[PDB]
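Printed here is protein00.cif (mmCIF, N, CA and C atoms):
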```cif
data_final
#
loop_
_atom_site.label_atom_id
_atom_site.label_comp_id
_atom_site.auth_asym_id
_atom_site.auth_seq_id
_atom_site.Cartn_x
_atom_site.Cartn_y
_atom_site.Cartn_z
N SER A 1856 29.81 -4.80 8.51
CA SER A 1856 30.03 -5.26 9.90
C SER A 1856 30.45 -4.02 10.77
N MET A 1857 30.88 -4.26 12.02
CA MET A 1857 31.39 -3.24 12.95
C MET A 1857 32.49 -2.36 12.36
N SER A 1858 32.17 -1.06 12.24
CA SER A 1858 33.08 -0.01 11.69
C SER A 1858 33.32 -0.14 10.18
N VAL A 1859 32.46 -0.87 9.50
CA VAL A 1859 32.58 -1.07 8.04
C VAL A 1859 31.22 -0.82 7.40
N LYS A 1860 31.03 0.38 6.86
CA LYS A 1860 29.71 0.72 6.31
C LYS A 1860 29.75 1.03 4.84
N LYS A 1861 28.76 0.52 4.08
CA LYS A 1861 28.51 1.01 2.73
C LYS A 1861 28.32 2.54 2.77
N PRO A 1862 28.62 3.23 1.66
CA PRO A 1862 28.36 4.67 1.55
C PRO A 1862 26.91 5.10 1.92
N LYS A 1863 26.81 6.27 2.59
CA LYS A 1863 25.56 6.72 3.24
C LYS A 1863 24.52 7.29 2.24
N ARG A 1864 23.58 6.43 1.80
CA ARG A 1864 22.37 6.87 1.05
C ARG A 1864 21.54 7.95 1.80
N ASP A 1865 21.04 8.92 1.04
CA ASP A 1865 20.29 10.01 1.63
C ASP A 1865 18.81 9.61 1.70
N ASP A 1866 18.30 9.58 2.93
CA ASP A 1866 16.97 9.09 3.22
C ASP A 1866 16.07 10.22 3.72
N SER A 1867 16.54 11.46 3.65
CA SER A 1867 15.87 12.58 4.31
C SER A 1867 14.61 13.08 3.57
N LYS A 1868 14.49 12.78 2.27
CA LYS A 1868 13.29 13.07 1.47
C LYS A 1868 12.29 11.88 1.37
N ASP A 1869 12.58 10.76 2.02
CA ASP A 1869 11.78 9.54 1.83
C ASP A 1869 10.38 9.68 2.33
N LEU A 1870 10.26 10.30 3.49
CA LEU A 1870 8.96 10.58 4.09
C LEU A 1870 8.07 11.41 3.17
N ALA A 1871 8.58 12.52 2.69
CA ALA A 1871 7.83 13.32 1.75
C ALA A 1871 7.49 12.57 0.47
N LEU A 1872 8.44 11.84 -0.09
CA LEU A 1872 8.22 11.16 -1.38
C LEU A 1872 7.16 9.99 -1.28
N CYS A 1873 7.20 9.26 -0.16
CA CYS A 1873 6.20 8.23 0.14
C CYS A 1873 4.79 8.84 0.31
N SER A 1874 4.72 10.01 0.98
CA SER A 1874 3.47 10.80 1.09
C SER A 1874 2.90 11.21 -0.28
N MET A 1875 3.77 11.62 -1.18
CA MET A 1875 3.36 11.98 -2.54
C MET A 1875 2.81 10.79 -3.29
N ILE A 1876 3.51 9.67 -3.19
CA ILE A 1876 3.10 8.45 -3.86
C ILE A 1876 1.73 8.03 -3.36
N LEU A 1877 1.55 8.10 -2.04
CA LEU A 1877 0.28 7.80 -1.38
C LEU A 1877 -0.83 8.73 -1.85
N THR A 1878 -0.53 10.03 -1.97
CA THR A 1878 -1.53 10.98 -2.53
C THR A 1878 -1.97 10.60 -3.96
N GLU A 1879 -0.99 10.22 -4.79
CA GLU A 1879 -1.27 9.81 -6.15
C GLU A 1879 -2.11 8.53 -6.12
N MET A 1880 -1.91 7.72 -5.11
CA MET A 1880 -2.74 6.51 -5.02
C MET A 1880 -4.12 6.76 -4.48
N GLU A 1881 -4.21 7.63 -3.48
CA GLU A 1881 -5.49 8.08 -2.95
C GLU A 1881 -6.41 8.69 -4.00
N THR A 1882 -5.88 9.35 -5.03
CA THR A 1882 -6.67 10.15 -5.96
C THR A 1882 -6.84 9.42 -7.29
N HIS A 1883 -6.39 8.19 -7.41
CA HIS A 1883 -6.66 7.42 -8.63
C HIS A 1883 -8.15 7.01 -8.67
N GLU A 1884 -8.80 7.06 -9.83
CA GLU A 1884 -10.20 6.67 -9.91
C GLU A 1884 -10.53 5.23 -9.49
N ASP A 1885 -9.55 4.34 -9.46
CA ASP A 1885 -9.74 2.95 -9.06
C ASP A 1885 -9.34 2.70 -7.59
N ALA A 1886 -9.05 3.74 -6.84
CA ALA A 1886 -8.69 3.65 -5.43
C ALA A 1886 -9.84 3.29 -4.49
N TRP A 1887 -11.08 3.40 -4.98
CA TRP A 1887 -12.28 3.41 -4.09
C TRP A 1887 -12.44 2.17 -3.24
N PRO A 1888 -11.96 0.98 -3.72
CA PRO A 1888 -12.15 -0.13 -2.79
C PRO A 1888 -11.20 -0.16 -1.61
N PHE A 1889 -10.21 0.73 -1.62
CA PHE A 1889 -8.98 0.64 -0.76
C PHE A 1889 -8.80 1.88 0.12
N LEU A 1890 -9.72 2.85 0.02
CA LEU A 1890 -9.63 4.14 0.73
C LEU A 1890 -9.86 4.05 2.25
N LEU A 1891 -10.75 3.15 2.65
CA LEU A 1891 -11.14 2.94 4.03
C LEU A 1891 -11.07 1.49 4.38
N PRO A 1892 -10.99 1.18 5.70
CA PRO A 1892 -10.97 -0.21 6.09
C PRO A 1892 -12.24 -0.97 5.71
N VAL A 1893 -12.09 -2.24 5.34
CA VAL A 1893 -13.28 -3.06 5.08
C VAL A 1893 -14.09 -3.15 6.37
N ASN A 1894 -15.41 -2.96 6.26
CA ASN A 1894 -16.30 -3.07 7.41
C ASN A 1894 -16.50 -4.53 7.83
N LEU A 1895 -15.81 -4.89 8.90
CA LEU A 1895 -15.69 -6.26 9.33
C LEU A 1895 -16.98 -6.83 9.93
N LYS A 1896 -17.91 -5.95 10.32
CA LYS A 1896 -19.29 -6.35 10.67
C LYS A 1896 -20.09 -6.69 9.40
N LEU A 1897 -20.00 -5.85 8.37
CA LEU A 1897 -20.89 -5.96 7.23
C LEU A 1897 -20.40 -6.83 6.12
N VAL A 1898 -19.12 -7.22 6.12
CA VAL A 1898 -18.59 -8.14 5.08
C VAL A 1898 -18.31 -9.50 5.73
N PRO A 1899 -19.19 -10.48 5.46
CA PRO A 1899 -18.96 -11.87 5.89
C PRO A 1899 -17.66 -12.45 5.33
N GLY A 1900 -16.97 -13.20 6.17
CA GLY A 1900 -15.71 -13.83 5.79
C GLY A 1900 -14.46 -13.02 6.07
N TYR A 1901 -14.57 -11.70 6.06
CA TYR A 1901 -13.33 -10.88 5.94
C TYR A 1901 -12.45 -10.96 7.17
N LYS A 1902 -13.11 -10.87 8.34
CA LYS A 1902 -12.42 -10.87 9.61
C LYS A 1902 -11.63 -12.17 9.74
N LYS A 1903 -12.26 -13.29 9.39
CA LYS A 1903 -11.62 -14.59 9.56
C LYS A 1903 -10.53 -14.94 8.54
N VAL A 1904 -10.77 -14.50 7.31
CA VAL A 1904 -9.89 -14.87 6.24
C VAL A 1904 -8.70 -13.95 6.16
N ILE A 1905 -8.92 -12.65 6.27
CA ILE A 1905 -7.83 -11.67 6.09
C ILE A 1905 -7.18 -11.38 7.44
N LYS A 1906 -6.08 -12.07 7.68
CA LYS A 1906 -5.38 -11.94 8.95
C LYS A 1906 -4.87 -10.51 9.28
N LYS A 1907 -4.54 -9.70 8.28
CA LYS A 1907 -3.92 -8.40 8.50
C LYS A 1907 -4.51 -7.42 7.52
N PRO A 1908 -5.70 -6.91 7.83
CA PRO A 1908 -6.40 -5.88 7.06
C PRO A 1908 -5.54 -4.65 6.87
N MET A 1909 -5.54 -4.09 5.66
CA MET A 1909 -4.81 -2.83 5.42
C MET A 1909 -5.58 -1.96 4.38
N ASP A 1910 -5.49 -0.63 4.51
CA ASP A 1910 -6.12 0.26 3.57
C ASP A 1910 -5.34 1.55 3.52
N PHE A 1911 -5.57 2.36 2.50
CA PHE A 1911 -4.85 3.65 2.35
C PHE A 1911 -4.98 4.60 3.52
N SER A 1912 -6.17 4.75 4.11
CA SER A 1912 -6.34 5.73 5.22
C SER A 1912 -5.53 5.34 6.46
N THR A 1913 -5.44 4.03 6.70
CA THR A 1913 -4.64 3.46 7.76
C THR A 1913 -3.18 3.64 7.46
N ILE A 1914 -2.79 3.47 6.20
CA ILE A 1914 -1.41 3.72 5.79
C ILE A 1914 -1.11 5.19 5.99
N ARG A 1915 -2.03 6.07 5.63
CA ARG A 1915 -1.82 7.51 5.81
C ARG A 1915 -1.60 7.90 7.28
N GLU A 1916 -2.34 7.28 8.18
CA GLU A 1916 -2.26 7.60 9.60
C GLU A 1916 -0.90 7.14 10.19
N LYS A 1917 -0.50 5.92 9.87
CA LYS A 1917 0.82 5.35 10.22
C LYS A 1917 1.96 6.21 9.68
N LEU A 1918 1.81 6.67 8.44
CA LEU A 1918 2.87 7.51 7.83
C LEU A 1918 3.08 8.79 8.60
N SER A 1919 1.98 9.51 8.76
CA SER A 1919 1.88 10.77 9.49
C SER A 1919 2.19 10.73 10.99
N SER A 1920 2.16 9.57 11.61
CA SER A 1920 2.49 9.46 13.02
C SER A 1920 3.88 8.79 13.24
N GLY A 1921 4.70 8.71 12.20
CA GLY A 1921 6.02 8.10 12.36
C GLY A 1921 5.97 6.65 12.74
N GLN A 1922 4.99 5.92 12.23
CA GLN A 1922 4.97 4.46 12.43
C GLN A 1922 5.68 3.60 11.39
N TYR A 1923 6.23 4.22 10.33
CA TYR A 1923 7.08 3.49 9.36
C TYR A 1923 8.53 3.81 9.66
N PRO A 1924 9.28 2.77 10.15
CA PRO A 1924 10.71 2.96 10.35
C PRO A 1924 11.50 3.26 9.09
N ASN A 1925 11.09 2.74 7.94
CA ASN A 1925 11.88 2.90 6.73
C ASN A 1925 10.98 2.72 5.52
N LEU A 1926 11.48 2.99 4.32
CA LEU A 1926 10.60 2.89 3.14
C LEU A 1926 10.18 1.43 2.78
N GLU A 1927 10.94 0.43 3.20
CA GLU A 1927 10.55 -0.95 2.96
C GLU A 1927 9.28 -1.37 3.74
N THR A 1928 9.12 -0.88 4.96
CA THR A 1928 7.96 -1.23 5.77
C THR A 1928 6.72 -0.55 5.17
N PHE A 1929 6.91 0.62 4.57
CA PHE A 1929 5.81 1.34 3.92
C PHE A 1929 5.37 0.54 2.69
N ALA A 1930 6.34 0.09 1.87
CA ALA A 1930 6.01 -0.71 0.66
C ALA A 1930 5.27 -2.01 0.99
N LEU A 1931 5.51 -2.57 2.16
CA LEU A 1931 4.87 -3.82 2.59
C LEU A 1931 3.42 -3.64 2.88
N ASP A 1932 3.09 -2.54 3.55
CA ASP A 1932 1.70 -2.23 3.84
C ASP A 1932 0.96 -1.91 2.57
N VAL A 1933 1.55 -1.14 1.66
CA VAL A 1933 0.87 -0.88 0.38
C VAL A 1933 0.58 -2.21 -0.36
N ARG A 1934 1.62 -3.02 -0.50
CA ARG A 1934 1.48 -4.33 -1.15
C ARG A 1934 0.40 -5.22 -0.47
N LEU A 1935 0.36 -5.19 0.85
CA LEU A 1935 -0.57 -5.95 1.64
C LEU A 1935 -2.00 -5.63 1.26
N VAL A 1936 -2.29 -4.36 0.95
CA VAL A 1936 -3.62 -3.94 0.46
C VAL A 1936 -3.98 -4.77 -0.79
N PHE A 1937 -3.02 -4.90 -1.70
CA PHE A 1937 -3.32 -5.60 -2.98
C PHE A 1937 -3.32 -7.12 -2.88
N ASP A 1938 -2.46 -7.66 -2.00
CA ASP A 1938 -2.44 -9.10 -1.69
C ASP A 1938 -3.73 -9.50 -1.01
N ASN A 1939 -4.18 -8.69 -0.05
CA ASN A 1939 -5.53 -8.87 0.54
C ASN A 1939 -6.65 -8.89 -0.46
N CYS A 1940 -6.59 -7.95 -1.40
CA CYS A 1940 -7.56 -7.83 -2.47
C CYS A 1940 -7.62 -9.07 -3.33
N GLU A 1941 -6.45 -9.62 -3.68
CA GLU A 1941 -6.34 -10.86 -4.43
C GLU A 1941 -6.86 -12.10 -3.71
N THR A 1942 -6.52 -12.21 -2.43
CA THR A 1942 -7.05 -13.25 -1.60
C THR A 1942 -8.59 -13.31 -1.55
N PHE A 1943 -9.24 -12.15 -1.49
CA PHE A 1943 -10.70 -12.12 -1.25
C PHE A 1943 -11.56 -11.90 -2.51
N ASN A 1944 -10.96 -11.41 -3.60
CA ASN A 1944 -11.71 -11.00 -4.79
C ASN A 1944 -11.31 -11.80 -6.06
N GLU A 1945 -12.30 -12.18 -6.87
CA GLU A 1945 -11.99 -12.88 -8.13
C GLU A 1945 -11.30 -11.86 -9.06
N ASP A 1946 -10.34 -12.33 -9.85
CA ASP A 1946 -9.71 -11.45 -10.84
C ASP A 1946 -10.77 -10.78 -11.76
N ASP A 1947 -11.74 -11.55 -12.26
CA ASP A 1947 -12.77 -11.02 -13.14
C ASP A 1947 -13.91 -10.38 -12.28
N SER A 1948 -13.64 -9.19 -11.78
CA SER A 1948 -14.55 -8.47 -10.92
C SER A 1948 -14.07 -7.05 -10.89
N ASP A 1949 -14.99 -6.10 -10.72
CA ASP A 1949 -14.55 -4.69 -10.66
C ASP A 1949 -13.43 -4.51 -9.60
N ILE A 1950 -13.65 -5.04 -8.39
CA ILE A 1950 -12.72 -4.86 -7.29
C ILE A 1950 -11.41 -5.58 -7.60
N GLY A 1951 -11.49 -6.81 -8.10
CA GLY A 1951 -10.27 -7.59 -8.49
C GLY A 1951 -9.43 -6.85 -9.51
N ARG A 1952 -10.04 -6.30 -10.56
CA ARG A 1952 -9.28 -5.50 -11.57
C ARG A 1952 -8.67 -4.20 -10.99
N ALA A 1953 -9.41 -3.57 -10.10
CA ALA A 1953 -8.96 -2.36 -9.39
C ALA A 1953 -7.64 -2.64 -8.70
N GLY A 1954 -7.55 -3.79 -8.05
CA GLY A 1954 -6.37 -4.20 -7.29
C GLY A 1954 -5.17 -4.40 -8.15
N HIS A 1955 -5.35 -5.12 -9.25
CA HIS A 1955 -4.26 -5.35 -10.24
C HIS A 1955 -3.82 -4.01 -10.86
N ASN A 1956 -4.76 -3.12 -11.17
CA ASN A 1956 -4.41 -1.82 -11.73
C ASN A 1956 -3.61 -0.92 -10.78
N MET A 1957 -4.05 -0.91 -9.53
CA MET A 1957 -3.48 -0.07 -8.48
C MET A 1957 -2.07 -0.57 -8.11
N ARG A 1958 -1.87 -1.88 -8.11
CA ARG A 1958 -0.57 -2.49 -7.88
C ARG A 1958 0.42 -2.05 -8.94
N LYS A 1959 -0.02 -2.13 -10.20
CA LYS A 1959 0.82 -1.73 -11.30
C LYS A 1959 1.23 -0.24 -11.18
N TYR A 1960 0.22 0.60 -10.99
CA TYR A 1960 0.42 1.98 -10.67
C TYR A 1960 1.47 2.25 -9.59
N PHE A 1961 1.29 1.64 -8.40
CA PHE A 1961 2.25 1.79 -7.28
C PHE A 1961 3.68 1.33 -7.67
N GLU A 1962 3.77 0.14 -8.25
CA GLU A 1962 5.09 -0.43 -8.57
C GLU A 1962 5.92 0.45 -9.54
N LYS A 1963 5.26 1.06 -10.50
CA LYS A 1963 5.94 1.94 -11.41
C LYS A 1963 6.44 3.20 -10.64
N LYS A 1964 5.56 3.93 -9.94
CA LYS A 1964 5.95 5.09 -9.13
C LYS A 1964 7.10 4.77 -8.18
N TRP A 1965 7.09 3.58 -7.61
CA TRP A 1965 8.08 3.19 -6.62
C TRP A 1965 9.45 3.07 -7.26
N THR A 1966 9.53 2.35 -8.37
CA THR A 1966 10.75 2.19 -9.13
C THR A 1966 11.25 3.54 -9.64
N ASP A 1967 10.40 4.29 -10.31
CA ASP A 1967 10.76 5.61 -10.81
C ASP A 1967 11.25 6.55 -9.72
N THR A 1968 10.73 6.41 -8.48
CA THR A 1968 11.11 7.29 -7.38
C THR A 1968 12.39 6.83 -6.64
N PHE A 1969 12.64 5.54 -6.54
CA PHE A 1969 13.69 5.02 -5.65
C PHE A 1969 14.75 4.07 -6.28
N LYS A 1970 14.37 3.21 -7.24
CA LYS A 1970 15.34 2.32 -7.95
C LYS A 1970 16.11 2.98 -9.13
#
```
Translate this file's structure into C-alpha coordinates.
Amino acid sequence: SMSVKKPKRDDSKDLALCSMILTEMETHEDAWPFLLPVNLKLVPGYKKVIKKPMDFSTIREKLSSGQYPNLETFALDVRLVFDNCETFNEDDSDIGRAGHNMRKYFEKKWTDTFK
(Lines of atoms letter the chains of each structure in order from A and count residues from 1; the text may use other names and numbers.)
(Lines give C-alpha, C1' and ligand atoms only; values in the text may rest on other atoms or scores of the structure.)
Protein backbone atom coordinates (compact mmCIF):
# COMPACT_ATOMS: atom_id res chain seq x y z
CA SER A 1 0.00 0.00 0.00
CA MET A 2 1.03 3.75 0.30
CA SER A 3 4.66 3.97 1.63
CA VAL A 4 4.81 0.18 2.11
CA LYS A 5 6.76 -1.62 -0.61
CA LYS A 6 8.10 -5.14 -1.06
CA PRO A 7 11.91 -5.18 -1.60
CA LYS A 8 13.00 -3.73 -5.01
CA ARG A 9 13.54 -6.53 -7.64
CA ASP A 10 16.09 -5.60 -10.32
CA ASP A 11 14.37 -5.25 -13.69
CA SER A 12 17.18 -3.51 -15.58
CA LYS A 13 18.31 -6.63 -17.56
CA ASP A 14 14.73 -7.72 -18.46
CA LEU A 15 14.68 -6.06 -21.83
CA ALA A 16 17.91 -7.70 -22.90
CA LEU A 17 16.94 -11.12 -21.49
CA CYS A 18 13.49 -11.10 -23.24
CA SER A 19 15.32 -10.16 -26.52
CA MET A 20 17.61 -13.18 -26.06
CA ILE A 21 14.70 -15.51 -25.42
CA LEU A 22 13.00 -14.14 -28.54
CA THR A 23 16.18 -14.72 -30.60
CA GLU A 24 16.29 -18.33 -29.38
CA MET A 25 12.68 -18.64 -30.45
CA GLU A 26 13.20 -16.98 -33.80
CA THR A 27 16.01 -19.44 -34.67
CA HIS A 28 14.33 -22.70 -33.61
CA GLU A 29 13.69 -25.00 -36.62
CA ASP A 30 9.96 -25.19 -35.70
CA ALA A 31 9.53 -21.38 -35.58
CA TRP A 32 8.51 -21.14 -39.27
CA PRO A 33 4.77 -20.95 -38.80
CA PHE A 34 5.14 -18.04 -36.31
CA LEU A 35 7.87 -15.81 -37.86
CA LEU A 36 5.51 -13.51 -39.80
CA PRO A 37 1.89 -12.49 -39.51
CA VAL A 38 -0.68 -14.86 -41.02
CA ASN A 39 -1.76 -13.48 -44.41
CA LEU A 40 -5.33 -12.50 -43.67
CA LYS A 41 -6.22 -12.22 -47.39
CA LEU A 42 -4.88 -15.67 -48.28
CA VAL A 43 -5.99 -17.71 -45.23
CA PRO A 44 -9.79 -18.17 -45.10
CA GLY A 45 -11.28 -18.00 -41.61
CA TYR A 46 -8.32 -16.38 -39.87
CA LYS A 47 -9.42 -12.76 -39.77
CA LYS A 48 -12.82 -13.71 -38.33
CA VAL A 49 -11.81 -16.40 -35.93
CA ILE A 50 -8.56 -15.08 -34.48
CA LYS A 51 -9.51 -11.89 -32.68
CA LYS A 52 -5.88 -10.89 -31.80
CA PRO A 53 -3.30 -12.11 -34.32
CA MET A 54 0.27 -12.31 -32.99
CA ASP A 55 3.65 -13.44 -34.41
CA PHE A 56 7.35 -13.24 -33.52
CA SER A 57 8.22 -10.36 -35.93
CA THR A 58 5.42 -8.26 -34.43
CA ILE A 59 6.64 -9.17 -30.95
CA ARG A 60 10.15 -8.14 -32.02
CA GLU A 61 8.95 -4.73 -33.25
CA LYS A 62 6.94 -4.04 -30.03
CA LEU A 63 9.96 -5.08 -27.93
CA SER A 64 12.37 -2.85 -29.81
CA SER A 65 10.04 0.17 -29.73
CA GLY A 66 9.34 0.07 -25.96
CA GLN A 67 5.79 -1.21 -26.35
CA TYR A 68 6.10 -3.78 -23.50
CA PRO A 69 5.64 -2.10 -20.12
CA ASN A 70 6.89 -5.15 -18.23
CA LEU A 71 7.93 -8.79 -18.70
CA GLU A 72 4.38 -10.10 -18.03
CA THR A 73 2.94 -8.26 -21.07
CA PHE A 74 5.75 -9.75 -23.20
CA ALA A 75 4.91 -13.30 -21.96
CA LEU A 76 1.24 -12.74 -22.91
CA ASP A 77 2.01 -11.93 -26.51
CA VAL A 78 4.33 -14.93 -26.81
CA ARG A 79 1.65 -17.19 -25.30
CA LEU A 80 -1.00 -15.63 -27.56
CA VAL A 81 0.97 -16.90 -30.61
CA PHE A 82 0.58 -20.48 -29.30
CA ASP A 83 -3.04 -20.10 -28.11
CA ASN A 84 -3.88 -18.77 -31.59
CA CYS A 85 -2.11 -21.75 -33.09
CA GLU A 86 -4.19 -24.14 -30.97
CA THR A 87 -7.44 -22.42 -31.83
CA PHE A 88 -6.85 -22.70 -35.62
CA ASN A 89 -4.73 -25.89 -36.03
CA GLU A 90 -5.43 -29.58 -35.28
CA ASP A 91 -2.98 -31.08 -32.76
CA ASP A 92 -2.12 -33.85 -35.29
CA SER A 93 -0.63 -31.51 -37.92
CA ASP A 94 2.83 -30.16 -38.64
CA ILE A 95 1.74 -26.64 -37.56
CA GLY A 96 -0.18 -27.92 -34.48
CA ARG A 97 2.90 -29.88 -33.24
CA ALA A 98 5.16 -26.87 -33.95
CA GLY A 99 3.00 -24.81 -31.58
CA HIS A 100 3.10 -27.33 -28.72
CA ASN A 101 6.89 -27.70 -29.18
CA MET A 102 7.56 -23.96 -29.27
CA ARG A 103 5.39 -23.38 -26.17
CA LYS A 104 7.36 -25.94 -24.25
CA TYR A 105 10.60 -24.37 -25.42
CA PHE A 106 9.48 -20.84 -24.34
CA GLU A 107 8.11 -21.95 -20.95
CA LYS A 108 11.36 -23.65 -19.95
CA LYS A 109 13.57 -20.62 -20.97
CA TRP A 110 11.17 -18.33 -19.12
CA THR A 111 11.32 -20.25 -15.85
CA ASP A 112 15.08 -20.79 -16.09
CA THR A 113 15.57 -17.04 -16.76
CA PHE A 114 13.13 -15.46 -14.25
CA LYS A 115 11.52 -17.95 -11.71
Q | Exercise: residue 1892 (chain A) partners within 7 Å, only N, CA and C atoms, chain neighbours under 2 positions left out, as a VMD selection string | A | chain A and resid 1889 to 1890 1894 to 1895 1909 to 1913
Q) Among chain A, which ones does DSSP place in helix (DSSP H, G or I), written as a PyMOL selection string? A) chain A and resi 1869-1881+1901-1904+1911-1919+1926-1943+1949-1969
Q: Using only C-alpha atoms, find all polymer residues with an atom at most 12 Å away from the point (4.5, 0.5, 10.9); report them as a list in words.
A: residues 1909, 1913, 1914, 1915, 1916, 1917, 1918, 1919, 1920, 1921, 1922, 1923, 1924, 1925, 1926, 1927, 1928, 1929, 1930, 1931, 1932 and 1933 of chain A
Q) Please, what distance in Å, to one decimal, runs between CA of residue 1884 (chain A) and CA of residue 1951 (chain A)? A) 14.3 Å
Q. For residue 1965 (chain A), which residue out of A:1905, A:1876, A:1953, A:1857 is the nearest one, using only C-alpha atoms?
A. A:1876
Give me the box for region 1949-1960 of chain A as lines of an AutoDock Vina configuration file, namely the centre and edge lengths in Å to one decimal of a box along x, y and z that holds every listed atom plus 6 Å on each side.
```
center_x = -6.8
center_y = -2.7
center_z = -9.5
size_x = 28.5
size_y = 21.8
size_z = 16.4
```
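The two atoms in question, atom N of residue 1888 (chain A) and atom N of residue 1952 (chain A), are spaced 10.2 Å apart.
The gap separating atom C of residue 1873 (chain A) from atom N of residue 1885 (chain A) is 17.9 Å, in Å to one decimal.
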Q | Distance query 12 Å from (-8.4, -2.7, -10.1) using only C-alpha atoms, result as a PyMOL selection string | A | chain A and resi 1880+1883-1889+1936-1937+1940-1941+1944-1961
